[PDB]
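Q: What follows is work.pdb, PDB, C-alpha atoms.
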MODEL        1
ATOM      1  CA  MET A   1       0.000   0.000   0.000  1.00  0.00           C
ATOM      2  CA  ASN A   2       0.914   3.690  -0.060  1.00  0.00           C
ATOM      3  CA  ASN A   3       1.777   6.089   2.762  1.00  0.00           C
ATOM      4  CA  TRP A   4      -0.703   8.743   1.641  1.00  0.00           C
ATOM      5  CA  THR A   5      -4.123   8.578   3.295  1.00  0.00           C
ATOM      6  CA  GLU A   6      -7.469   9.506   1.748  1.00  0.00           C
ATOM      7  CA  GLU A   7      -7.799  12.495   4.074  1.00  0.00           C
ATOM      8  CA  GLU A   8      -4.385  13.812   3.041  1.00  0.00           C
ATOM      9  CA  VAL A   9      -5.117  13.348  -0.661  1.00  0.00           C
ATOM     10  CA  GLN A  10      -8.381  15.284  -0.444  1.00  0.00           C
ATOM     11  CA  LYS A  11      -6.656  18.123   1.406  1.00  0.00           C
ATOM     12  CA  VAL A  12      -3.820  18.269  -1.121  1.00  0.00           C
ATOM     13  CA  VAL A  13      -6.217  18.335  -4.070  1.00  0.00           C
ATOM     14  CA  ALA A  14      -8.090  21.232  -2.472  1.00  0.00           C
ATOM     15  CA  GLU A  15      -4.847  23.137  -1.915  1.00  0.00           C
ATOM     16  CA  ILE A  16      -3.786  22.422  -5.493  1.00  0.00           C
ATOM     17  CA  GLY A  17      -7.011  24.071  -6.643  1.00  0.00           C
ATOM     18  CA  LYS A  18      -6.266  27.058  -4.412  1.00  0.00           C
ATOM     19  CA  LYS A  19      -2.691  27.444  -5.639  1.00  0.00           C
ATOM     20  CA  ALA A  20      -3.460  26.743  -9.297  1.00  0.00           C
ATOM     21  CA  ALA A  21      -6.210  29.366  -9.220  1.00  0.00           C
ATOM     22  CA  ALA A  22      -3.987  31.862  -7.407  1.00  0.00           C
ATOM     23  CA  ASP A  23      -0.962  31.189  -9.605  1.00  0.00           C
ATOM     24  CA  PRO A  24      -1.237  29.872 -13.161  1.00  0.00           C
ATOM     25  CA  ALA A  25       2.429  28.917 -12.833  1.00  0.00           C
ATOM     26  CA  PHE A  26       1.432  26.335 -10.227  1.00  0.00           C
ATOM     27  CA  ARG A  27      -1.042  24.850 -12.693  1.00  0.00           C
ATOM     28  CA  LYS A  28       1.865  24.635 -15.132  1.00  0.00           C
ATOM     29  CA  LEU A  29       3.921  23.003 -12.383  1.00  0.00           C
ATOM     30  CA  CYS A  30       1.212  20.374 -11.938  1.00  0.00           C
ATOM     31  CA  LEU A  31       1.334  19.702 -15.678  1.00  0.00           C
ATOM     32  CA  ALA A  32       5.135  19.607 -15.748  1.00  0.00           C
ATOM     33  CA  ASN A  33       5.331  17.325 -12.713  1.00  0.00           C
ATOM     34  CA  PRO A  34       2.145  16.274 -10.925  1.00  0.00           C
ATOM     35  CA  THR A  35       4.005  14.572  -8.083  1.00  0.00           C
ATOM     36  CA  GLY A  36       6.250  17.600  -7.611  1.00  0.00           C
ATOM     37  CA  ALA A  37       3.184  19.798  -7.146  1.00  0.00           C
ATOM     38  CA  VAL A  38       1.845  17.346  -4.567  1.00  0.00           C
ATOM     39  CA  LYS A  39       5.152  17.465  -2.694  1.00  0.00           C
ATOM     40  CA  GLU A  40       5.013  21.261  -2.805  1.00  0.00           C
ATOM     41  CA  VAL A  41       1.682  21.083  -0.980  1.00  0.00           C
ATOM     42  CA  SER A  42       2.161  18.084   1.292  1.00  0.00           C
ATOM     43  CA  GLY A  43       5.927  18.191   1.803  1.00  0.00           C
ATOM     44  CA  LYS A  44       6.070  14.413   1.407  1.00  0.00           C
ATOM     45  CA  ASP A  45       7.704  12.171  -1.195  1.00  0.00           C
ATOM     46  CA  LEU A  46       5.902   9.777  -3.535  1.00  0.00           C
ATOM     47  CA  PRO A  47       5.477   6.348  -1.956  1.00  0.00           C
ATOM     48  CA  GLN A  48       7.370   3.782  -4.024  1.00  0.00           C
ATOM     49  CA  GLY A  49       5.010   2.067  -6.459  1.00  0.00           C
ATOM     50  CA  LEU A  50       2.221   4.637  -6.193  1.00  0.00           C
ATOM     51  CA  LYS A  51       0.992   5.816  -9.592  1.00  0.00           C
ATOM     52  CA  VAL A  52      -0.191   9.424  -9.785  1.00  0.00           C
ATOM     53  CA  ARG A  53      -2.247  11.236 -12.420  1.00  0.00           C
ATOM     54  CA  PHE A  54      -3.884  14.612 -13.032  1.00  0.00           C
ATOM     55  CA  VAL A  55      -7.074  16.048 -14.521  1.00  0.00           C
ATOM     56  CA  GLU A  56      -8.309  19.360 -15.916  1.00  0.00           C
ATOM     57  CA  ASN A  57     -11.679  20.834 -14.953  1.00  0.00           C
ATOM     58  CA  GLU A  58     -13.521  23.029 -17.452  1.00  0.00           C
ATOM     59  CA  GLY A  59     -14.108  25.656 -18.115  1.00  0.00           C
ATOM     60  CA  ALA A  60     -12.048  26.664 -15.087  1.00  0.00           C
ATOM     61  CA  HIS A  61      -9.006  25.131 -16.774  1.00  0.00           C
ATOM     62  CA  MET A  62      -7.491  24.071 -13.453  1.00  0.00           C
ATOM     63  CA  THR A  63      -5.123  21.120 -13.078  1.00  0.00           C
ATOM     64  CA  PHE A  64      -5.694  18.765 -10.149  1.00  0.00           C
ATOM     65  CA  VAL A  65      -3.334  15.983  -9.077  1.00  0.00           C
ATOM     66  CA  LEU A  66      -4.235  12.811  -7.185  1.00  0.00           C
ATOM     67  CA  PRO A  67      -2.749   9.354  -6.635  1.00  0.00           C
ATOM     68  CA  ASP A  68      -4.391   6.184  -7.938  1.00  0.00           C
ATOM     69  CA  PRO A  69      -6.199   3.948  -5.450  1.00  0.00           C
ATOM     70  CA  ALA A  70      -3.599   1.718  -3.800  1.00  0.00           C
ATOM     71  CA  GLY A  71      -4.277  -1.994  -4.261  1.00  0.00           C
ATOM     72  CA  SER A  72      -6.124  -1.350  -7.521  1.00  0.00           C
ATOM     73  CA  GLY A  73      -5.539  -3.293 -10.735  1.00  0.00           C
ATOM     74  CA  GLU A  74      -4.000  -0.200 -12.320  1.00  0.00           C
ATOM     75  CA  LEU A  75      -0.443  -1.027 -13.380  1.00  0.00           C
ATOM     76  CA  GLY A  76       2.483   1.170 -12.350  1.00  0.00           C
ATOM     77  CA  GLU A  77       4.167   0.657 -15.720  1.00  0.00           C
ATOM     78  CA  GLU A  78       5.679   3.887 -17.035  1.00  0.00           C
ATOM     79  CA  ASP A  79       3.273   5.552 -19.461  1.00  0.00           C
ATOM     80  CA  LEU A  80       4.250   7.473 -22.594  1.00  0.00           C
ATOM     81  CA  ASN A  81       2.893  10.636 -20.979  1.00  0.00           C
ATOM     82  CA  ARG A  82       4.586   9.879 -17.658  1.00  0.00           C
ATOM     83  CA  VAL A  83       6.871  12.602 -16.309  1.00  0.00           C
ATOM     84  CA  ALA A  84      10.476  11.397 -16.212  1.00  0.00           C
ATOM     85  CA  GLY A  85      12.105  11.430 -12.777  1.00  0.00           C
ATOM     86  CA  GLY A  86       8.996  10.215 -10.956  1.00  0.00           C
TER      87      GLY A  86
ENDMDL
END
Would you mind giving the structure from this file in structure tokens?

A:
Amino acid sequence: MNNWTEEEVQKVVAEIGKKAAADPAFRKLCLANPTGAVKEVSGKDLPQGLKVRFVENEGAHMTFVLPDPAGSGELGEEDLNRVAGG
């Protein structure tokens, strides 16, 4: 399993919305490195094996980042659109 709890994730996502709205550059950060943006908010590193993705809400055009459900069938295989470095 991961080290990130559901409560933490929800809080981070909310703060991502706040920061992305306040600063478009943060939205760009989320796009450039979703997990980096999460670390910026939470101050924690990505649990090894935890796959993370992001979505855009319209027409707000805000980027939100959240980890995939741990223990799910979703594979952690590197995707073509996966940010190098982790």

Q: Name the residues captured by the PyMOL selection byres ((chain A and resi 41) around 8) when it is applied to the shown file; answer as a ChimeraX atom specification.

A: /A:12,15-16,37-40,42-43

Q: Work out how far apart CA of residue 83 in chain A and CA of residue 33 in chain A are and give it in Å to one decimal.

A: 6.1 Å

Q: For residue 32 in chain A, which residue out of A:44, A:69, A:63, A:76 is the nearest one, using only C-alpha atoms?

A: A:63

Q: Which residue, A:19, A:51, A:4, A:24, has the smallest gap to residue 77 in chain A when you use only C-alpha atoms?

A: A:51

Q: I'd like the interatomic distance between CA of residue 71 in chain A and CA of residue 9 in chain A, to a tenth of an Å.

A: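 A separation of 15.8 Å between them.
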
Q: Give the centre and edge lengths of an axis-aligned box, in Å to one decimal, that holds all listed atoms of range 21-24 of chain A with 8 Å on each side, as AutoDock Vina command-line options.

A:
--center_x -3.6 --center_y 30.6 --center_z -10.3 --size_x 21.2 --size_y 18.5 --size_z 21.8

Q: Hey, which of A:46, A:70, A:80, A:13 ends up closest to residue 27 in chain A? Count only C-alpha atoms.

A: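 Looking only at the distances to residue 27 in chain A, the closest residue turns out to be A:13.
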
Q: With all atoms listed in the file as the atoms that count, which of A:53, A:1, A:47, A:25 lies nearest to residue 66 in chain A?

A: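 Among A:53, A:1, A:47, A:25, it is A:53 that comes nearest to residue 66 in chain A.
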
Q: What's the separation between CA of residue 35 in chain A and CA of residue 64 in chain A, in Å to one decimal place?

A: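 These atoms are spaced 10.8 Å apart.
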
Q: Of the candidates A:65, A:50, A:14, A:60, which one gets nearest to residue 29 in chain A if we count all atoms listed in the file?

A: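 Of A:65, A:50, A:14, A:60, the one nearest residue 29 in chain A is A:65, counting all atoms listed in the file.
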
Q: With all atoms listed in the file as the atoms that count, which of A:3, A:8, A:62, A:52 lies nearest to residue 34 in chain A?

A: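 Closest candidate: A:52.
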